[PDB]
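Chemist:
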Amino acid sequence: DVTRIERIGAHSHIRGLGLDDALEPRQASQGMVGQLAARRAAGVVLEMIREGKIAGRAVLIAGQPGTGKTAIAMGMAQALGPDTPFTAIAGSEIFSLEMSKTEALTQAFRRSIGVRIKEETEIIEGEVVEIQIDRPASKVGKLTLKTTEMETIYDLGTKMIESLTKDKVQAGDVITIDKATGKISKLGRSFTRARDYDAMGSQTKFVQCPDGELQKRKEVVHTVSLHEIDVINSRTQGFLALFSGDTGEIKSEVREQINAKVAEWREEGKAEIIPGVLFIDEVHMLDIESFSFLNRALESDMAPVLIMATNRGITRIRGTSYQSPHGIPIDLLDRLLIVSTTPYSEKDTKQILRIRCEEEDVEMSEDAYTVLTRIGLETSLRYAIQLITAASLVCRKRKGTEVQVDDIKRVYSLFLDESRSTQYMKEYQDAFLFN
Amino acid sequence: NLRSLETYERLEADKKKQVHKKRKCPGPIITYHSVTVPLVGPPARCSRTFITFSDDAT
Ligand SMILES: Nc1ncnc2c1ncn2[C@@H]1O[C@H](COP(=O)(O)OP(=O)(O)O)[C@@H](O)[C@H]1O
Ligand SMILES: [Mg+2]
């Protein structure tokens, strides 16, 4: 209904890899159509990621354009969930003016490794039933909290009094006090302020009374990536650079110190490593220096699972004059497994068009489905996908309910594909610049 | 004898009255106070604030 930040994108129909318990892909599940071998391989790679025991495993998704490489990557991301980090970058993102390409690749790798910290905290949680603060003009005070099970009266220190005054704690507030540091958080009110007070123009909903003991031993889980730790420890004001991205080349000594203390935190009970995935789409934009760094970088124990995609065949490696498969050096190709995607058939294309129509909420006739499948096979899958939306708009303009063949023919005539546009460009080539 | 024995056994009353005093050191004091009070036309309740000043000068 309401227009959210996230709208219907090119992969909004992808919900996962669509596999069973035996990692045997279904024909049409979780938005996936076809690509049985590629999806089975993606499932095996996802299991390898979730086991987390093996570091620096690289998988390259290679196939023709429009065969579903980014779709498979997004399916892996969806089936991985938010708990496990999944950093997706374009290969052109590493070329930065703020840092070297190798620093960018390090930050991308370290962003794909979560550190799940655990700590125990003493938490007081209850309804303020009475608060008294007396000050000269040291401060003294008395606070009583209730939690249905008990009612305890507390004698307040000066620092707790200052915190309570700053938070403006009033009776009828459901508050939380962290005994480790005195931070005071208000969960909500339990009943209205006095009606006799003017202004105070609010009738907010009242949260239910806490239950159990007032003070509990609560375990809390905080997850940070290695890159966040690095940036925080890089300088006194490092945390500001986590958002602005003004991170220079972080000293390698700091990174070694962090790797060592993280190893200690995992030998102790303080933290757990959550190794994730770095997905470098269009990896052929990387140059020889970046591939050469990736060679050594995957040999680190803190390296994540690297997924790559490219449609280039035997092409020239950027920054060199040598041609290699996928635009990747043979030294890195040796360090990875290649997964190949196959071109779709009529049935797979029709099912993809159906799923895209369902996600775009476009009702379309079966004859329209047939003509659009023929167009997609002739021209491209993405072109037919975009004609879905254009034909929906043209049908709604005419006050129609179902996209018919006339709408598809209309939008086909209105919007050209690469081939017809190229033919018309050649027919008028003298009008274009530099022939 | 009980008063004599209380020289050893009066651990409770004396400590409670010495610790949980209802007054503080001399001088001007401003007491912020906030209590639950029942609404009038668990039960319906509202929160009300009182401010108390020690002396007329302040
Ligand atoms: N097996 C599939 N199931 C569902 N949708 C797919 C599938 N393969 C491709 N698509 C969709 O068709 C379009 C093809 O683009 P993409 O998957 O990025 O291809 P590539 O990455 O190989 O160029 C995308 O909108 C994609 O979501
Ligand atoms: Mg792609």
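Residue numbers (the deposited numbering), protein chains in the order written: chain F, 15 to 151, 156 to 453; chain B, 183 to 223, 257 to 273. Ideal Cβ positions, reconstructed from N, Cα and C, are used throughout, including at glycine.
Does any CB atom of chain B fall closer than 9 Å to the CB of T135(F)?
Modeler: For this step, residue 135(F) is matched to residue 121 along the first sequence. Chain B contact via Cβ: absent.
Chemist: Mind pulling the chain B residues with CB within less than 9 Å of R149(F)?
Modeler: Indexing the first sequence from 1 puts residue 149(F) at position 135. Those within 9 Å of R149(F) in chain B are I211, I212, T213 and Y214.
Chemist: Pull out every residue of the region 259-270 of chain B whose Cβ sits closer than 8 Å to any Cβ of chain F, in chain order.
Modeler: Cβ contacts with chain F come from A259, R260, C261, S262, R263 and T264.
Chemist: What is the chain-ordered set of residues for which the beta carbon lies under 7 Å from any non-hydrogen atom of ligand 2?
Modeler: Counting every residue whose Cβ lies closer than 7 Å to a heavy atom of ligand 2, we get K83(F), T84(F), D299(F) and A327(F).
Chemist: Under the criterion of a Cβ to heavy atom distance below 8 Å, does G331(F) qualify as lining ligand 1?
Modeler: Taking the first residue of the first sequence as 1, we reach residue 331(F) at position 313. No - ligand 1 has no heavy atom lying nearer than 8 Å to the Cβ of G331(F).
Chemist: From this set, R54(F), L31(F), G77(F) and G32(F), which residue's C-alpha is nearest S358(F)'s C-alpha?
Modeler: As a first step, residue 358(F) must be located in the first sequence, where it is residue number 340. Checking every option, the nearest Cα to that of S358(F) belongs to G77(F).
Chemist: Where DSSP assigns a beta bridge to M178(F), which residues make up the other side?
Modeler: As a first step, residue 178(F) must be located in the first sequence, where it is residue number 160. In DSSP, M178(F) forms no bridge with anything.
Chemist: On the three-pair Cβ rule with 8 Å, is the region 235-243 of chain F touching the region 114-133 of chain F?
Modeler: Verdict: yes, contact present.
Chemist: Below 9 Å between beta carbons: does that hold for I193(F) and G140(F)?
Modeler: Locating residue 193(F) in the first sequence gives position 175, counting from the first residue. Locating residue 140(F) in the first sequence gives position 126, counting from the first residue. Yes, these two residues count as a Cβ contact at 9 Å.
Chemist: Output, in sequence order along the chain, the residues in the region 190-210 of chain B whose CB is closer than 7 Å to any CB in chain F.
Modeler: So the close ones are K206, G209 and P210.
Chemist: Please report the residue range of the beta strand (DSSP E) in which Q233(F) lies.
Modeler: Working through the first sequence from its first residue, we reach residue 233(F) at position 215. Note, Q233(F): beta strand (DSSP E), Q233 to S243.
Chemist: Can you pull the DSSP bridge partners for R207(F)?
Modeler: Stepping through the first sequence from its first residue, residue 207(F) is reached at position 189. Beta-bridge pairing links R207(F) to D191(F).
Chemist: Identify, in the order they occur along the chain, each residue of the same chain with its Cβ nearer than 6 Å to the Cβ of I403(F), setting aside the five sequence neighbours on each side.
Modeler: As a position in the first sequence, residue 403(F) is number 385, starting the count at 1. Taken in chain order, the residues that qualify are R374.
Chemist: Give the DSSP bridge partners of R334(F), in chain order.
Modeler: The count along the first sequence starts at 1 and reaches residue 334(F) at position 316. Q341(F), per the DSSP bridge assignment.
Chemist: Does the region 25-41 of chain F come into contact with the region 63-79 of chain F, if we say contact requires no fewer than three beta-carbon pairs (one atom in each stretch) closer than 8 Å?
Modeler: Segments in contact, no.
Chemist: Express the C-alpha separation of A289(F) and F257(F) in angstroms, rounding to a whole number.
Modeler: Within the first sequence, numbered from 1, the residue matching residue 257(F) stands at position 239. Within the first sequence, numbered from 1, the residue matching residue 289(F) stands at position 271. One C-alpha to the other measures close to 20 Å.
Chemist: Do you know how far the Cα of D191(F) is from the Cα of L205(F)?
Modeler: Locating residue 205(F) in the first sequence gives position 187, counting from the first residue. Locating residue 191(F) in the first sequence gives position 173, counting from the first residue. Going by the C-alpha atoms only, they are around 8 Å apart.
Chemist: Answer yes if the region 329-342 of chain F comes into contact with the region 367-381 of chain F, meaning at least three C-beta pairs across the two stretches below 8 Å, and no otherwise.
Modeler: They do not touch, by the three-pair rule.
Chemist: At a CB-CB cut-off below 9 Å, which residues of chain B make contact with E144(F)?
Modeler: Mapped onto the first sequence, residue 144(F) falls at position 130. Residues of chain B passing the Cβ test: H215, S216, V217 and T218.
Chemist: Do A69(F) and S318(F) have their beta-carbon atoms positioned less than 9 Å apart in this structure?
Modeler: Walking along the first sequence from the start, residue 318(F) turns up at place 300. Walking along the first sequence from the start, residue 69(F) turns up at place 55. It is a contact, given that the beta carbons lie within the stated cut-off.
Chemist: Report yes or no: do the region 293-307 of chain F and the region 99-119 of chain F share at least 3 C-beta pairs separated by less than 8 Å?
Modeler: Result yes; three or more Cβ-Cβ pairs closer than 8 Å.
Chemist: Is the region 158-168 of chain F in contact with the region 109-118 of chain F, if contact means three or more CB pairs nearer than 8 Å?
Modeler: Output reads no: the region 109-118 of chain F does not touch the region 158-168 of chain F.
Chemist: Rounded to the nearest angstrom, what separates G418(F) and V249(F) at their Cα positions?
Modeler: The residue given as residue 418(F) occupies position 400 in the first sequence. The residue given as residue 249(F) occupies position 231 in the first sequence. Near 56 Å, if we compare the C-alpha coordinates of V249(F) and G418(F).
Chemist: Against chain F, does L221(B) count as a neighbour if the rule is that its beta carbon must be under 9 Å from one of theirs?
Modeler: The residue labelled residue 221(B) in the question sits at position 39 within the second sequence. With 9 Å as the cut-off, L221(B) counts as an interface residue toward chain F.
Chemist: When you compare the region 420-430 of chain F with the region 190-200 of chain B, are there three or more beta-carbon pairs, one atom per stretch, that lie closer than 8 Å?
Modeler: The region 420-430 of chain F vs the region 190-200 of chain B: no contact.
Chemist: Tell me, please, whether the region 365-373 of chain F touches the region 385-402 of chain F by the rule of three or more beta-carbon pairs shorter than 8 Å.
Modeler: Contact holds: three or more Cβ-Cβ distances are below 8 Å.
Chemist: For a cutoff of 9 Å on Cβ pairs, would you count residue 458(F) as touching chain B?
Modeler: Given that chain F is displayed from residue 15 to residue 453, the structure contains no residue 458(F) and the question cannot be resolved.
Chemist: What ranges does the beta strand (DSSP E) occupy inside the region 188-220 of chain B, keeping only unbroken runs of at least 3 residues that lie completely in it?
Modeler: As far as the region 188-220 of chain B is concerned, its whole beta strand (DSSP E) runs of at least 3 residues are 211-220.
Chemist: Residues in the region 191-216 of chain F with C-beta within 7 Å of chain B's C-beta atoms, listed in sequence order?
Modeler: Flagged, chain order: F209, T210, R211, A212 and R213.
Chemist: According to DSSP, what are the bridge partners of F268(B)?
Modeler: To locate residue 268(B), count along the second sequence from 1; it is residue 53. Paired residues: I212(B).
Chemist: Under 8 Å from any heavy atom of ligand 1, does the C-beta of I403(F) make it?
Modeler: For the purposes of this step, residue 403(F) is taken as the residue at position 385 of the first sequence. Yes; taking the cut-off as 8 Å, the Cβ of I403(F) has a heavy atom of ligand 1 nearer than that.
Chemist: Excluding the 5 residues flanking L350(F) on each side, which residues of the same chain have their C-beta closer than 7 Å to its C-beta?
Modeler: Position 332 of the first sequence holds residue 350(F). Here the set comprises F309, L312 and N313.
Chemist: Compute the distance between the beta-carbons of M320(F) and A72(F), then report whether it is under 9 Å.
Modeler: Counting from 1 along the first sequence, the entry for residue 320(F) is found at position 302. Counting from 1 along the first sequence, the entry for residue 72(F) is found at position 58. The answer is no: Cβ separation not under 9 Å.
Chemist: So, do the region 263-271 of chain B and the region 204-217 of chain B have three or more beta carbon pairs nearer to each other than 8 Å?
Modeler: Touching, per the Cβ criterion.
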